$ cat structure.txt   # compact mmCIF, C-alpha atoms
# COMPACT_ATOMS: atom_id res chain seq x y z
CA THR A 1 9.01 41.86 95.05
CA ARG A 2 5.84 43.45 93.67
CA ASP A 3 7.69 46.36 92.00
CA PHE A 4 7.52 46.15 88.19
CA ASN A 5 8.54 49.75 87.42
CA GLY A 6 11.12 50.31 84.69
CA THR A 7 12.14 49.84 81.06
CA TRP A 8 12.67 46.21 80.08
CA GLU A 9 14.54 44.99 76.99
CA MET A 10 13.81 41.45 75.82
CA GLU A 11 16.72 39.01 75.92
CA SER A 12 14.84 35.76 75.20
CA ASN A 13 11.69 34.90 73.24
CA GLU A 14 10.73 31.22 73.18
CA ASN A 15 7.82 29.75 71.18
CA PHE A 16 6.53 33.09 69.92
CA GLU A 17 5.24 31.59 66.67
CA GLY A 18 3.38 28.78 68.43
CA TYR A 19 1.64 31.32 70.66
CA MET A 20 0.79 33.48 67.64
CA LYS A 21 -0.41 30.43 65.70
CA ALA A 22 -2.80 29.66 68.57
CA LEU A 23 -4.14 33.20 68.04
CA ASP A 24 -4.86 32.40 64.35
CA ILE A 25 -2.35 34.97 63.07
CA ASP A 26 -1.51 34.79 59.37
CA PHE A 27 1.74 33.27 58.15
CA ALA A 28 3.19 36.52 56.77
CA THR A 29 2.83 38.42 60.05
CA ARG A 30 4.13 35.31 61.83
CA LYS A 31 7.43 35.29 59.92
CA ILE A 32 7.78 39.03 60.56
CA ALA A 33 7.02 39.00 64.29
CA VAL A 34 9.66 36.29 64.84
CA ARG A 35 12.16 38.87 63.52
CA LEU A 36 11.35 41.50 66.17
CA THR A 37 12.45 42.38 69.69
CA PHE A 38 10.31 44.13 72.28
CA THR A 39 10.94 46.75 74.96
CA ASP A 40 8.24 47.17 77.62
CA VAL A 41 8.00 50.29 79.79
CA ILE A 42 6.01 49.86 83.00
CA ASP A 43 4.78 52.54 85.40
CA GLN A 44 3.47 51.05 88.66
CA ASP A 45 1.84 53.17 91.38
CA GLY A 46 0.83 50.55 93.93
CA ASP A 47 -1.90 48.69 92.04
CA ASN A 48 -2.20 51.07 89.06
CA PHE A 49 -0.34 50.02 85.91
CA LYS A 50 0.51 51.78 82.66
CA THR A 51 2.37 49.53 80.21
CA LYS A 52 3.49 50.12 76.63
CA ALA A 53 5.43 47.55 74.58
CA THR A 54 7.54 49.04 71.80
CA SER A 55 8.59 46.73 68.97
CA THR A 56 11.78 47.04 66.92
CA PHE A 57 13.74 44.91 64.47
CA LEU A 58 16.41 42.46 65.58
CA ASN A 59 19.95 43.72 65.01
CA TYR A 60 22.01 41.36 62.84
CA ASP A 61 25.63 40.97 63.97
CA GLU A 62 28.61 39.64 62.01
CA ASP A 63 32.15 39.60 63.43
CA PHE A 64 35.12 38.36 61.41
CA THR A 65 38.85 38.70 60.83
CA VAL A 66 40.32 39.30 57.37
CA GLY A 67 41.98 36.14 56.07
CA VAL A 68 40.28 33.62 58.39
CA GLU A 69 37.66 31.45 56.68
CA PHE A 70 34.70 31.13 59.05
CA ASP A 71 31.42 29.21 58.91
CA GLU A 72 28.41 31.44 58.23
CA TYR A 73 24.72 30.54 58.43
CA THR A 74 22.79 33.37 56.79
CA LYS A 75 20.15 33.65 59.52
CA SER A 76 18.62 36.74 57.87
CA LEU A 77 18.14 35.70 54.24
CA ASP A 78 17.95 32.08 53.06
CA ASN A 79 19.37 30.22 56.11
CA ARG A 80 22.09 28.32 54.26
CA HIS A 81 25.50 27.04 55.32
CA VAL A 82 28.31 28.86 53.52
CA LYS A 83 32.03 29.16 54.20
CA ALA A 84 33.01 32.82 54.03
CA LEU A 85 36.43 34.41 53.54
CA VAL A 86 37.20 38.14 53.59
CA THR A 87 40.29 39.31 51.71
CA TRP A 88 42.00 42.63 51.01
CA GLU A 89 42.33 43.43 47.29
CA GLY A 90 44.01 46.83 47.34
CA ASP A 91 41.53 48.96 49.28
CA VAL A 92 38.49 46.84 48.33
CA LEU A 93 37.08 44.47 50.96
CA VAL A 94 36.18 41.30 49.04
CA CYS A 95 34.28 38.37 50.55
CA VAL A 96 33.40 35.01 48.97
CA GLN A 97 30.70 32.71 50.38
CA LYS A 98 31.28 29.19 49.08
CA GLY A 99 28.21 26.96 49.22
CA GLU A 100 25.26 25.81 47.13
CA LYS A 101 25.23 29.12 45.27
CA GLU A 102 28.08 30.17 43.00
CA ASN A 103 29.46 33.67 42.38
CA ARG A 104 28.12 34.55 45.84
CA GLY A 105 29.74 37.26 47.95
CA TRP A 106 30.08 40.99 48.47
CA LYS A 107 32.59 43.80 47.95
CA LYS A 108 32.93 47.01 49.98
CA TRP A 109 34.93 50.16 49.30
CA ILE A 110 34.83 53.74 50.57
CA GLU A 111 34.89 57.01 48.62
CA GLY A 112 35.12 60.24 50.56
CA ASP A 113 32.63 59.37 53.27
CA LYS A 114 30.31 57.10 51.26
CA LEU A 115 30.48 53.30 51.42
CA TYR A 116 29.71 51.26 48.29
CA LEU A 117 28.58 47.65 48.69
CA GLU A 118 27.93 45.15 45.89
CA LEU A 119 26.05 41.99 46.87
CA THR A 120 26.50 39.30 44.22
CA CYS A 121 24.97 35.86 43.73
CA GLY A 122 24.81 34.03 40.43
CA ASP A 123 24.55 36.69 37.74
CA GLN A 124 22.50 38.96 40.03
CA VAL A 125 24.04 42.02 41.70
CA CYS A 126 22.59 44.32 44.37
CA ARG A 127 24.14 47.76 44.87
CA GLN A 128 23.91 49.65 48.17
CA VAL A 129 25.47 53.01 49.03
CA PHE A 130 25.89 54.26 52.59
CA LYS A 131 26.75 57.68 54.00
CA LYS A 132 28.76 58.15 57.18
CA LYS A 133 27.24 59.86 60.21
CA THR B 1 -6.16 77.66 57.37
CA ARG B 2 -3.64 76.89 54.61
CA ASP B 3 -0.72 76.21 57.00
CA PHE B 4 0.26 72.52 56.98
CA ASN B 5 3.69 72.88 58.61
CA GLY B 6 4.46 70.46 61.42
CA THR B 7 4.75 66.82 62.49
CA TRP B 8 1.48 64.87 62.29
CA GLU B 9 0.90 61.53 64.05
CA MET B 10 -1.86 59.24 62.78
CA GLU B 11 -4.74 58.54 65.17
CA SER B 12 -7.18 56.72 62.85
CA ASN B 13 -6.95 54.65 59.67
CA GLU B 14 -10.24 53.43 58.17
CA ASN B 15 -10.47 51.18 55.10
CA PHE B 16 -6.74 51.19 54.39
CA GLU B 17 -6.83 47.58 53.20
CA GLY B 18 -9.67 48.20 50.74
CA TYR B 19 -7.81 51.19 49.29
CA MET B 20 -4.60 49.17 48.93
CA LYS B 21 -6.48 46.27 47.32
CA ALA B 22 -7.81 48.73 44.73
CA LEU B 23 -4.16 49.66 44.04
CA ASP B 24 -3.37 46.01 43.15
CA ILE B 25 -0.98 45.58 46.09
CA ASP B 26 -0.05 42.01 47.00
CA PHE B 27 -1.59 40.35 50.03
CA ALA B 28 1.64 40.07 52.02
CA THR B 29 2.55 43.76 51.84
CA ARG B 30 -1.07 44.62 52.64
CA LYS B 31 -0.90 42.48 55.78
CA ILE B 32 2.23 44.43 56.73
CA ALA B 33 0.70 47.88 56.13
CA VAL B 34 -2.41 47.02 58.18
CA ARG B 35 -0.09 46.87 61.21
CA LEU B 36 1.62 50.24 60.74
CA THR B 37 1.03 53.79 61.93
CA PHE B 38 2.33 56.84 60.11
CA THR B 39 3.89 60.16 61.11
CA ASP B 40 4.18 62.81 58.38
CA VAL B 41 6.55 65.80 58.50
CA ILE B 42 5.42 68.76 56.39
CA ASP B 43 7.41 71.74 55.11
CA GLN B 44 5.35 74.44 53.39
CA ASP B 45 6.97 77.39 51.60
CA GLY B 46 4.01 79.27 50.18
CA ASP B 47 3.08 76.73 47.51
CA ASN B 48 6.18 74.53 47.94
CA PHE B 49 5.75 71.26 49.86
CA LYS B 50 8.25 68.72 51.18
CA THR B 51 6.67 65.65 52.80
CA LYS B 52 8.14 62.58 54.50
CA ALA B 53 5.96 59.85 56.03
CA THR B 54 7.66 57.82 58.76
CA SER B 55 6.27 54.33 59.35
CA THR B 56 6.35 52.41 62.64
CA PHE B 57 4.56 49.44 64.17
CA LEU B 58 1.56 50.12 66.37
CA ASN B 59 2.62 49.70 70.00
CA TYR B 60 0.46 47.64 72.33
CA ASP B 61 -0.79 49.49 75.41
CA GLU B 62 -2.32 47.93 78.52
CA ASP B 63 -3.46 50.11 81.42
CA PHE B 64 -5.21 48.50 84.37
CA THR B 65 -5.72 48.36 88.11
CA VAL B 66 -5.34 44.99 89.82
CA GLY B 67 -8.81 43.60 90.46
CA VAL B 68 -10.67 45.83 87.97
CA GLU B 69 -12.16 44.04 84.95
CA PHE B 70 -11.47 46.15 81.86
CA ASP B 71 -12.34 45.80 78.18
CA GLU B 72 -9.29 45.15 75.99
CA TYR B 73 -9.11 45.03 72.19
CA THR B 74 -6.04 42.96 71.33
CA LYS B 75 -4.53 44.93 68.49
CA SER B 76 -0.93 44.26 67.39
CA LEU B 77 -1.85 40.55 67.50
CA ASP B 78 -5.22 39.01 66.61
CA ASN B 79 -7.61 42.02 66.82
CA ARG B 80 -10.03 40.44 69.30
CA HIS B 81 -12.21 41.77 72.11
CA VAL B 82 -11.47 40.16 75.47
CA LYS B 83 -12.51 41.03 79.02
CA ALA B 84 -9.37 41.02 81.16
CA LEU B 85 -8.91 40.95 84.93
CA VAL B 86 -5.51 41.10 86.67
CA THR B 87 -5.00 39.31 89.99
CA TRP B 88 -2.21 38.94 92.53
CA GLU B 89 -1.08 35.34 93.07
CA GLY B 90 1.66 35.74 95.65
CA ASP B 91 4.11 38.07 93.91
CA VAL B 92 3.07 36.98 90.39
CA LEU B 93 0.84 39.26 88.31
CA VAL B 94 -1.79 36.98 86.76
CA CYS B 95 -4.25 38.11 84.08
CA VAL B 96 -7.11 36.17 82.49
CA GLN B 97 -8.59 37.26 79.15
CA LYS B 98 -12.08 35.84 78.62
CA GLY B 99 -13.07 35.64 74.97
CA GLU B 100 -13.15 33.45 71.88
CA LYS B 101 -9.91 31.72 72.90
CA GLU B 102 -9.58 29.54 76.00
CA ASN B 103 -6.77 29.38 78.56
CA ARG B 104 -5.77 32.84 77.30
CA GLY B 105 -3.86 35.31 79.45
CA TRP B 106 -0.43 36.28 80.69
CA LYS B 107 1.62 36.11 83.88
CA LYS B 108 4.42 38.46 84.96
CA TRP B 109 6.85 38.17 87.87
CA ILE B 110 10.28 39.50 88.83
CA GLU B 111 13.36 37.53 89.92
CA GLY B 112 16.60 39.36 90.64
CA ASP B 113 16.42 42.11 88.01
CA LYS B 114 14.83 40.13 85.17
CA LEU B 115 11.17 40.34 84.17
CA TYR B 116 9.54 37.06 83.14
CA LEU B 117 6.38 37.03 81.03
CA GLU B 118 4.40 33.93 80.05
CA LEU B 119 1.80 34.39 77.31
CA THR B 120 -0.63 31.47 77.19
CA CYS B 121 -3.43 30.65 74.76
CA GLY B 122 -4.90 27.24 74.04
CA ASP B 123 -2.14 24.70 74.62
CA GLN B 124 0.56 27.14 73.46
CA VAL B 125 2.77 29.08 75.88
CA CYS B 126 5.37 31.76 75.07
CA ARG B 127 8.15 32.60 77.53
CA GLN B 128 9.87 35.99 77.52
CA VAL B 129 12.73 37.29 79.68
CA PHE B 130 13.54 41.00 79.96
CA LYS B 131 16.53 42.98 81.24
CA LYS B 132 16.34 46.46 82.75
CA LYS B 133 17.90 49.52 81.12
CA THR C 1 41.30 54.10 52.65
CA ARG C 2 41.12 50.83 54.60
CA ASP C 3 39.30 52.39 57.59
CA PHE C 4 35.66 51.29 57.75
CA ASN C 5 35.00 52.44 61.32
CA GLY C 6 31.81 54.42 61.83
CA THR C 7 28.03 54.47 61.46
CA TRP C 8 26.80 54.11 57.88
CA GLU C 9 23.27 55.10 56.88
CA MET C 10 21.83 53.64 53.68
CA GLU C 11 20.89 56.11 50.95
CA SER C 12 20.31 53.77 47.98
CA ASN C 13 19.38 50.11 47.51
CA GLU C 14 19.22 48.83 43.92
CA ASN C 15 18.02 45.33 42.96
CA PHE C 16 17.56 44.12 46.53
CA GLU C 17 14.64 41.87 45.58
CA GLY C 18 16.49 40.39 42.60
CA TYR C 19 19.41 39.52 44.86
CA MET C 20 17.05 38.02 47.44
CA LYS C 21 15.18 36.15 44.71
CA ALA C 22 18.50 34.68 43.57
CA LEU C 23 18.86 33.41 47.15
CA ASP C 24 15.49 31.59 46.88
CA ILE C 25 13.87 33.71 49.60
CA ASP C 26 10.10 33.48 50.03
CA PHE C 27 7.81 36.15 48.60
CA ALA C 28 6.43 37.41 51.92
CA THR C 29 9.77 38.21 53.56
CA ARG C 30 10.98 39.62 50.23
CA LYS C 31 8.13 42.14 49.99
CA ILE C 32 8.88 43.42 53.51
CA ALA C 33 12.63 43.41 52.94
CA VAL C 34 12.14 45.38 49.72
CA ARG C 35 10.93 48.03 52.16
CA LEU C 36 13.11 49.01 55.14
CA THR C 37 16.39 50.92 55.36
CA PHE C 38 19.59 49.71 56.99
CA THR C 39 22.19 51.36 59.22
CA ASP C 40 25.45 49.46 59.72
CA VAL C 41 27.84 50.21 62.59
CA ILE C 42 31.41 49.01 62.02
CA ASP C 43 34.24 48.83 64.56
CA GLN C 44 37.57 47.98 62.89
CA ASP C 45 40.78 47.24 64.81
CA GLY C 46 43.31 46.56 62.06
CA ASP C 47 42.02 43.35 60.45
CA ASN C 48 39.26 42.55 62.97
CA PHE C 49 35.71 43.66 62.14
CA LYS C 50 32.62 43.89 64.35
CA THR C 51 29.44 44.88 62.52
CA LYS C 52 25.87 45.52 63.67
CA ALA C 53 23.03 46.09 61.20
CA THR C 54 20.09 48.12 62.53
CA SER C 55 16.84 47.82 60.58
CA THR C 56 14.17 50.53 60.27
CA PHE C 57 11.29 51.23 57.89
CA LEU C 58 11.73 53.08 54.60
CA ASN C 59 10.35 56.61 54.81
CA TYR C 60 9.47 57.48 51.18
CA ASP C 61 9.36 61.17 50.22
CA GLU C 62 7.04 63.27 48.07
CA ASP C 63 8.13 66.87 47.44
CA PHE C 64 6.18 69.18 45.15
CA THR C 65 5.14 72.76 44.46
CA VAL C 66 1.47 73.62 43.99
CA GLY C 67 0.58 74.00 40.32
CA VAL C 68 3.36 71.91 38.73
CA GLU C 69 2.32 68.55 37.29
CA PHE C 70 5.04 66.16 38.48
CA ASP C 71 5.88 62.51 37.98
CA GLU C 72 5.26 60.45 41.12
CA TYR C 73 6.35 56.85 41.68
CA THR C 74 4.30 55.27 44.48
CA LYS C 75 7.20 53.32 45.95
CA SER C 76 5.37 53.35 49.29
CA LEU C 77 2.38 51.46 47.85
CA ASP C 78 2.05 49.80 44.44
CA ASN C 79 5.11 51.12 42.53
CA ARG C 80 3.26 52.69 39.60
CA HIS C 81 3.98 55.78 37.53
CA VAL C 82 1.23 58.39 37.81
CA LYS C 83 1.25 62.08 36.92
CA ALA C 84 0.08 63.98 39.98
CA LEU C 85 -0.87 67.63 40.37
CA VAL C 86 -1.88 69.30 43.64
CA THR C 87 -4.58 71.97 43.49
CA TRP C 88 -6.18 74.42 45.90
CA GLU C 89 -9.92 74.01 46.55
CA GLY C 90 -10.52 76.76 49.08
CA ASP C 91 -8.23 75.75 51.95
CA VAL C 92 -8.23 72.05 50.97
CA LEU C 93 -5.15 70.53 49.33
CA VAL C 94 -6.49 68.37 46.49
CA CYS C 95 -4.31 66.08 44.38
CA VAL C 96 -5.30 63.84 41.46
CA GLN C 97 -3.05 61.02 40.22
CA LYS C 98 -3.71 60.23 36.56
CA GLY C 99 -2.43 56.82 35.51
CA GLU C 100 -3.46 53.20 35.01
CA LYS C 101 -6.01 53.53 37.82
CA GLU C 102 -8.88 56.02 37.64
CA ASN C 103 -10.35 58.33 40.29
CA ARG C 104 -7.02 58.06 42.13
CA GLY C 105 -5.75 60.83 44.37
CA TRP C 106 -5.88 62.37 47.83
CA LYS C 107 -7.17 65.43 49.68
CA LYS C 108 -5.68 67.07 52.78
CA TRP C 109 -7.10 69.87 54.92
CA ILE C 110 -6.68 71.18 58.46
CA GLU C 111 -9.37 71.67 61.12
CA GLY C 112 -8.40 72.89 64.57
CA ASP C 113 -5.05 71.13 64.93
CA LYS C 114 -5.84 67.83 63.20
CA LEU C 115 -4.97 66.96 59.59
CA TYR C 116 -7.57 65.01 57.59
CA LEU C 117 -6.46 62.87 54.64
CA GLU C 118 -8.69 61.07 52.13
CA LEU C 119 -7.08 58.43 49.89
CA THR C 120 -9.32 57.58 46.93
CA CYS C 121 -9.00 54.90 44.24
CA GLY C 122 -11.76 53.21 42.27
CA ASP C 123 -14.82 52.98 44.50
CA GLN C 124 -12.66 52.61 47.63
CA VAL C 125 -11.81 55.55 49.88
CA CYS C 126 -9.47 55.53 52.89
CA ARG C 127 -9.75 58.24 55.54
CA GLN C 128 -6.82 59.06 57.83
CA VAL C 129 -6.71 61.68 60.60
CA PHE C 130 -3.47 63.00 62.09
CA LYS C 131 -2.86 65.06 65.22
CA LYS C 132 -0.17 67.72 65.49
CA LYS C 133 2.66 67.52 68.01
$ encode --input "structure.txt" --output "structure tokens"
Amino acid sequence: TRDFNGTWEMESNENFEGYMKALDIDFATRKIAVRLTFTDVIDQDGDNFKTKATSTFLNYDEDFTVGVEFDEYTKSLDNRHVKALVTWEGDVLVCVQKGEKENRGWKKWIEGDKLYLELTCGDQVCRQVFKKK
Amino acid sequence: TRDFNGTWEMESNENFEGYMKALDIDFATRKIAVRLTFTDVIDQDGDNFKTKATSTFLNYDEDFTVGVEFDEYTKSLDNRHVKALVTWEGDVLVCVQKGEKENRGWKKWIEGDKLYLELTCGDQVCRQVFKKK
Amino acid sequence: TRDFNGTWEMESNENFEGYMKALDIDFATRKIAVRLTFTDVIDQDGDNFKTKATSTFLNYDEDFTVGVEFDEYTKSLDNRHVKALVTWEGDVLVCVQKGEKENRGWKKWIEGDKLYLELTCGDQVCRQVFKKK
């Protein structure tokens, strides 16, 4: 068919960095464009085309069951192999990521309708607070 | 007028990188801000102001008629001027972009309900598959 | 409570770069990840978790009343402390940012239905024009 009308969400993106490298794009923008997904909207009236490609960030997914130690490759941060276990300690969700780094993990707990998350690695701690919508 | 209330979308941004370099901003973050557009929301209560600037990536637009050679400035990627012509090759939309780069263009075609796009430049080719919403 | 179901919007993110630096993450991806805000969707069925992390850009806010000299931290740009005051020059909103840099500030004014913004620092000036929606 010759009908390209519609809104198209990307499901695959192969050799994006090689194509961008052929265009002489800098390394910083290259490592950021490989972390994006694109949605192209196309209006076609016979031979007249209007196309706009919207770019968004790739959505990171993590599914797990409490008590089952699963293999995790942090494809979002440092790309390392860790073995992660999520445990219940009272009402605090505790997770340990055993690997090259020590004291690495995170801890979640809820207060009212705000979520508190502590990302730990070594002696460094990152604190993030979320509100519920 | 002194009334600044409303939502304001950026249409032009001249010498942003020079201004940021004067602010001693690192090169990586500068190369990320040169690819953004801004939308500012303004609340004005007499002399009271509340401002929020939303940042997004500039979206690539391509409007054309098959067979008509149009001038295209390839923002979002390499910022180059090419002269592009779109042809029908069977049911495949073929486009050639004459410019500094050779073998540069793209090819779209539909199979089933998936859109396939092949971006080529030099000896590098990028393959993209899209699903309809 | 042990119920984490829902959509959680980030409101605070402390020491994200230190945590990422402890993970040996490169400087480019760190300076873009020190931006951004995160929204995590969590579906919890007893002990089974399914999480999706949506990424967007950090907005950065600046709220002020005309005539009060306020402390401003340019988190959107260079992360410096300046003391900024916004003045009226006719119908033009003028603001000067006294700090480590000199001749630093901005000027906004409306003509027709377009907002004109001049970012100045050193001998470099950036001009931005916005249209109203």
$ closest_residue --input "structure.txt" --among "B:58, B:36, B:95, B:66" --to "residue 16 of chain B" --atoms "all atoms listed in the file"
B:36
$ calpha_fit_rmsd --input "structure.txt" --fixed "chain A" --moving "chain B"
1.9 Å
$ interface_residues --input "structure.txt" --of "chain B" --to "chain C" --cutoff "6 Å" --atoms "all atoms listed in the file" --output "list in words"
residues 2, 7, 8, 9, 10, 11, 12, 13, 14, 15, 16, 19, 25, 28, 47, 48, 49, 50, 51, 52, 53 and 54 of chain B
